[PDB]
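Okay, so here's just one chain, in structure tokens, the form deposited in one PDB entry.
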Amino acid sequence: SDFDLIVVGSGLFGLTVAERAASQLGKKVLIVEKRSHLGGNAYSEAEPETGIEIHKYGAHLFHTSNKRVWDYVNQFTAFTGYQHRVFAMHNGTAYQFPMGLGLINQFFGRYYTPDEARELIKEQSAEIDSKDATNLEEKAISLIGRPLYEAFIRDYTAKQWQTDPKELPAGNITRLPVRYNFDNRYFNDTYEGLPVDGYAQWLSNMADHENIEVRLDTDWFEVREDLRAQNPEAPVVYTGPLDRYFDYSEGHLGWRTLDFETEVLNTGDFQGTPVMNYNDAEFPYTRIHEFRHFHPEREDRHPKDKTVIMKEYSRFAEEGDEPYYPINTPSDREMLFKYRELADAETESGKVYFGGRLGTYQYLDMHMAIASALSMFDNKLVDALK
């Protein structure tokens, strides 16, 4: 047949499934993708004026402790030795971040040793016991105290969720957000880096296989009757929206979206670091990305006197908005449970498998989507394709 497997969506989940079926089982795979390019939100591109690699659907940082996933992605791209670091702007000062000996010295005004900092945090967080916290605000205060909470967490979180932290779940903070050393690596994972030739090249390489057919600018729901009629027994891996698949029969799942404001500025360096969080309420955006600093190894290809920056604004995802993060209200958890039932029925009657961020209503980092796709491939698709 012309294809043995249909994959809807070319994010990391779709690409992984498609590539494994193609290379490991020698199956013909047809990828159907609604957008004009491969890669889902991980897709990046050159900003036209400067040539700098940028993202329109969120900056993407790769990191994992899963060696299987690390070895896998390295088949398709090399990675730079980029290590993500973030600074936090508060009351006109850029603080070392996350909270650690550096921020503590800057904020409290003198050097604390690791043991002195531990004792400081004990004193600061004395007021509320974590066991008694009834919301995010109280949870934070119970761990690090009011001064730190009020400076670095309160307004930032308010902007992030468009909600008073008093009305957010205590379960949103699960561990002490403080380090007792000067380590300011943002991530804690074994492996980390950025694709040497950019995300677009990496993701294109995943789908570059003699057994893979790619149809861009194609909506599954427009073409599905025709495609399946060509080969009815070919399974489908669906990574589009779960609720949309079932015509919103149980209602609309709730998502957060982001608005990105991009500017080309007439300086070669706007903030001297890839990401500056803006922790204060007076700034409407949560942070500014300056994209050239993600790839310092490219500095002589970057313009000397121009730079691209991006500001980020969060709000509720309405119709037409890209859905980014599941909101997960109890109502959302309710209809999700109902959609899972429908989906499972569809897998049994129609050989349609549901996966990925949109397909399962679950935020997934790149390595987690890949891991999830490797699992589905191993545990479901190998059998289904025999």
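Position 1 is the first residue in the sequence shown; the rest follow in order. If you superpose the two forms and keep the largest set of C-alpha atoms that fall within 1.5 Å, you have the rigid core.
Keep in mind that the form deposited in another entry is not shown, yet the notes after this line are about it.
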| said: Taking only shifts of 2 Å or more in Cα after a rigid core superposition between this form and the one not shown, tell me which of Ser125, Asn205, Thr80, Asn211 qualifies. | reply: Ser125
| said: Could you check, with the core superposed, whether the Cα atom of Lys139 shifts 2 Å or more between this form and the one not shown? | reply: yes
| message | Superposed on the rigid core, does the Cα of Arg154 end up 2 angstroms or more away between this form and the one not shown? | response | yes
| Rigid core superposed: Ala170 CA moves 2 Å or more between this form and the one not shown | yes
